[PDB]
Each structure stands twice: as C-alpha cells, then as structure tokens.
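Undergrad: Quick one: this structure, given as structure tokens, is what I'll be asking you about.
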Amino acid sequence: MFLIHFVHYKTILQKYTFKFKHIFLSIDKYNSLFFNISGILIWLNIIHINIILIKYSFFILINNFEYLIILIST
Amino acid sequence: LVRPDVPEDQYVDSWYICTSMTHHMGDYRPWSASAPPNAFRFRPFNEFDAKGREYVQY
C-alpha cells in the first residue's frame, strides 16, 4: 500500500576527481634538430649540387642510405 | 686562415670529410675566454712560458 508521496533527494556531489592519462599520451615520436640548409650535394649515378646560401659552413651531414647525400650547414 | 682564428680545442677533424668542424655547432669563443682576465699572451699565468713554468716548478 502507499502512505505517502515524496520528492527524491540524491547527493550527486563529485567532490573527488580521478583523471587518468590514456596510454597514447606517452608514446614516442621522432623529433629533430632543425637548422637552415645552406646547400645540398646528391650523388648516385651522376653528381648534382644545389647551393641555397653561400656562407662558411659550420656543420656537415653525410647520409648514405639510397643515394649519397651531403647536407651542408644543414 | 681557412677557419676562424680561435683556440683549436674548439675544432674536430671531421670523419669522412677533409675539413674541420666545431664541436659546438657554430658557437665561437675568442682567445680571451681561454685565459684569465687580461692574461699576457693568453697564458695560464703571466710570469713564464710553458717551459719556464716547468723548470721554475722543478
């Protein structure tokens, strides 16, 4: 039987906060140092030189993977 | 001069390239920064040259 009619209180208080980072926030990426390329030399069958900026080059990279390439002041 | 006139400790003889490079990319410290302030002929100490220092010490 029913004796009464009432209004339904509830305590919805969130007072605690637990947020956990999903895994992919910590995954790696590939980051690189970046300087302005002053020049480039490519050689595979035939050598080719491109010069963007002529200055005394303070750093030089050599990379052999497919074609021989030399990145000047890179 | 082929390369800036600087104490040679700043240079490295490059692998695979006939050339020297700077072991700090492109930064340069002048001779004055190797010696003490106002060091005669930039010198650890002004009294003597390297050998003079050796045999005085002995």
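By convention here, the chains of the structure tokens are called A, B, ... in the order presented, each chain's residues are numbered starting at 1, and ligands are numbered starting at 1 in the order presented.
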Write out, as a Markdown table, each residue of chain A that has an atom at most 12 Å from segment 14-21 of chain B, together with the closest pair of atoms and their distance in Å to one decimal, counting only C-alpha atoms, rows going by chain and rising number.
TA:
| residue | atom | partner | partner_atom | distance |
| --- | --- | --- | --- | --- |
| A:56 | CA | B:21 | CA | 10.8 |
| A:57 | CA | B:21 | CA | 8.7 |
| A:58 | CA | B:21 | CA | 6.3 |
| A:59 | CA | B:21 | CA | 6.3 |
| A:60 | CA | B:21 | CA | 8.0 |
| A:61 | CA | B:17 | CA | 9.7 |
| A:62 | CA | B:16 | CA | 8.5 |
| A:63 | CA | B:16 | CA | 11.1 |
| A:64 | CA | B:16 | CA | 11.9 |
| A:70 | CA | B:17 | CA | 10.3 |
| A:72 | CA | B:17 | CA | 11.6 |
| A:73 | CA | B:21 | CA | 10.5 |
Undergrad: Can I get the selection written as a short mmCIF file (atom, residue, chain, number, x, y, z; two decimals), in the first residue's frame, with N, CA and C atoms?
TA:
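Final output, selection_15.cif:
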data_model
loop_
_atom_site.label_atom_id
_atom_site.label_comp_id
_atom_site.auth_asym_id
_atom_site.auth_seq_id
_atom_site.Cartn_x
_atom_site.Cartn_y
_atom_site.Cartn_z
N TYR A 56 80.36 30.35 -44.97
CA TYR A 56 81.22 29.36 -44.36
C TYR A 56 80.33 28.40 -43.56
N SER A 57 80.42 27.11 -43.90
CA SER A 57 79.54 26.10 -43.34
C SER A 57 80.06 25.60 -42.00
N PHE A 58 79.25 25.72 -40.96
CA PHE A 58 79.70 25.36 -39.62
C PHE A 58 79.40 23.91 -39.23
N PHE A 59 78.62 23.21 -40.07
CA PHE A 59 78.22 21.84 -39.77
C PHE A 59 77.96 21.06 -41.06
N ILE A 60 78.29 19.77 -41.10
CA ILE A 60 78.06 18.99 -42.33
C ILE A 60 77.57 17.56 -42.11
N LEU A 61 76.46 17.20 -42.76
CA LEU A 61 75.92 15.85 -42.64
C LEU A 61 76.15 14.97 -43.85
N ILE A 62 76.40 13.70 -43.61
CA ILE A 62 76.55 12.75 -44.70
C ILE A 62 75.64 11.58 -44.45
N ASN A 63 74.95 11.17 -45.50
CA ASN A 63 73.87 10.23 -45.34
C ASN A 63 73.94 9.29 -46.52
N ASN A 64 74.08 7.99 -46.28
CA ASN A 64 74.31 7.05 -47.38
C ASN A 64 73.17 6.16 -47.88
N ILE A 70 74.84 14.84 -49.13
CA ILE A 70 75.61 15.64 -48.19
C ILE A 70 74.91 16.96 -47.92
N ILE A 72 74.80 20.45 -46.40
CA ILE A 72 75.80 21.45 -45.99
C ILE A 72 75.19 22.57 -45.14
N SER A 73 75.83 22.81 -43.99
CA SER A 73 75.38 23.72 -42.91
C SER A 73 73.97 23.40 -42.44
#
Undergrad: Name the residues in contact with residue 44 of chain A at a cut-off of 10 Å, using only C-alpha atoms, excluding same-chain residues fewer than 3 positions from it; report them as a ChimeraX atom specification.
TA: /A:47-48,64,66-69
Undergrad: Can I get the selected residues back with N, CA, C and O atoms, as a PDB file, in the first residue's frame?
TA:
ATOM      1  N   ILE A  47      76.597  13.238 -60.236  1.00  0.00           N
ATOM      2  CA  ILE A  47      76.566  14.156 -59.110  1.00  0.00           C
ATOM      3  C   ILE A  47      75.810  15.426 -59.467  1.00  0.00           C
ATOM      4  O   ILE A  47      75.856  15.886 -60.603  1.00  0.00           O
ATOM      5  N   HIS A  48      75.091  15.962 -58.487  1.00  0.00           N
ATOM      6  CA  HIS A  48      74.320  17.178 -58.641  1.00  0.00           C
ATOM      7  C   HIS A  48      74.480  18.060 -57.424  1.00  0.00           C
ATOM      8  O   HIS A  48      74.330  17.589 -56.305  1.00  0.00           O
ATOM      9  N   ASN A  64      74.076   7.995 -46.276  1.00  0.00           N
ATOM     10  CA  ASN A  64      74.306   7.049 -47.377  1.00  0.00           C
ATOM     11  C   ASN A  64      73.170   6.157 -47.875  1.00  0.00           C
ATOM     12  O   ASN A  64      73.430   5.261 -48.680  1.00  0.00           O
ATOM     13  N   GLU A  66      70.053   5.618 -49.687  1.00  0.00           N
ATOM     14  CA  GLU A  66      69.822   5.186 -51.066  1.00  0.00           C
ATOM     15  C   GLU A  66      70.852   5.792 -51.966  1.00  0.00           C
ATOM     16  O   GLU A  66      71.679   5.111 -52.551  1.00  0.00           O
ATOM     17  N   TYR A  67      70.778   7.102 -52.043  1.00  0.00           N
ATOM     18  CA  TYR A  67      71.704   7.933 -52.767  1.00  0.00           C
ATOM     19  C   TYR A  67      72.703   8.541 -51.769  1.00  0.00           C
ATOM     20  O   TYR A  67      72.343   8.786 -50.620  1.00  0.00           O
ATOM     21  N   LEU A  68      73.950   8.769 -52.166  1.00  0.00           N
ATOM     22  CA  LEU A  68      74.837   9.524 -51.286  1.00  0.00           C
ATOM     23  C   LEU A  68      74.382  10.973 -51.217  1.00  0.00           C
ATOM     24  O   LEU A  68      74.256  11.619 -52.240  1.00  0.00           O
ATOM     25  N   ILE A  69      74.120  11.492 -50.029  1.00  0.00           N
ATOM     26  CA  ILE A  69      73.719  12.882 -49.945  1.00  0.00           C
ATOM     27  C   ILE A  69      74.502  13.583 -48.870  1.00  0.00           C
ATOM     28  O   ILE A  69      74.828  12.990 -47.841  1.00  0.00           O
TER      29      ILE A  69
END
Undergrad: Quick check: residues of chain B within 7 Å of chain A, only C-alpha atoms, returned as a list in words.
TA: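 In the required form, that comes to residues 21, 22, 25 and 26 of chain B.
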Undergrad: What does the distance between atom CA of residue 74 of chain A and atom CA of residue 43 of chain A come to in Å, to one decimal place?
TA: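 It comes out at 17.1 Å.
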Undergrad: Quick one: residues within 12 Å of residue 7 of chain B, only C-alpha atoms counted, chain neighbours fewer than 3 positions away excluded, as a list in words?
TA: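 Close residues of residue 7 of chain B: residues 3, 4, 10, 11, 12, 22, 28, 29, 30, 31, 32, 33, 34, 35 and 42 of chain B.
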Undergrad: Report the residues of chain B whose backbone DSSP state falls under strand (DSSP E), written as a PDB file with N, CA, C and O atoms, in the first residue's frame.
TA:
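Saved the output as part_3.pdb:
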ATOM      1  N   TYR B  11      87.931  22.860 -32.391  1.00  0.00           N
ATOM      2  CA  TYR B  11      87.821  22.158 -33.670  1.00  0.00           C
ATOM      3  C   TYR B  11      88.023  20.660 -33.562  1.00  0.00           C
ATOM      4  O   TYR B  11      88.768  20.180 -32.712  1.00  0.00           O
ATOM      5  N   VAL B  12      87.354  19.930 -34.438  1.00  0.00           N
ATOM      6  CA  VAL B  12      87.447  18.480 -34.524  1.00  0.00           C
ATOM      7  C   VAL B  12      87.744  18.104 -35.956  1.00  0.00           C
ATOM      8  O   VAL B  12      87.100  18.631 -36.872  1.00  0.00           O
ATOM      9  N   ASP B  13      88.688  17.194 -36.175  1.00  0.00           N
ATOM     10  CA  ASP B  13      88.982  16.788 -37.548  1.00  0.00           C
ATOM     11  C   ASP B  13      87.926  15.815 -37.980  1.00  0.00           C
ATOM     12  O   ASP B  13      87.803  14.717 -37.419  1.00  0.00           O
ATOM     13  N   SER B  20      87.615  20.596 -40.950  1.00  0.00           N
ATOM     14  CA  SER B  20      87.399  20.540 -39.522  1.00  0.00           C
ATOM     15  C   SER B  20      86.032  21.130 -39.239  1.00  0.00           C
ATOM     16  O   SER B  20      85.499  21.894 -40.038  1.00  0.00           O
ATOM     17  N   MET B  21      85.438  20.728 -38.130  1.00  0.00           N
ATOM     18  CA  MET B  21      84.179  21.313 -37.721  1.00  0.00           C
ATOM     19  C   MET B  21      84.259  21.713 -36.260  1.00  0.00           C
ATOM     20  O   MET B  21      85.239  21.434 -35.586  1.00  0.00           O
ATOM     21  N   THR B  22      83.250  22.416 -35.784  1.00  0.00           N
ATOM     22  CA  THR B  22      83.286  22.927 -34.431  1.00  0.00           C
ATOM     23  C   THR B  22      82.432  22.049 -33.527  1.00  0.00           C
ATOM     24  O   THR B  22      81.276  21.784 -33.847  1.00  0.00           O
TER      25      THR B  22
END
Undergrad: For atom CA of residue 5 of chain B and atom CA of residue 53 of chain A, determine how far apart the two atoms are, in Å to one decimal place.
TA: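 Atom-to-atom, atom CA of residue 5 of chain B to atom CA of residue 53 of chain A, that is 22.9 Å.
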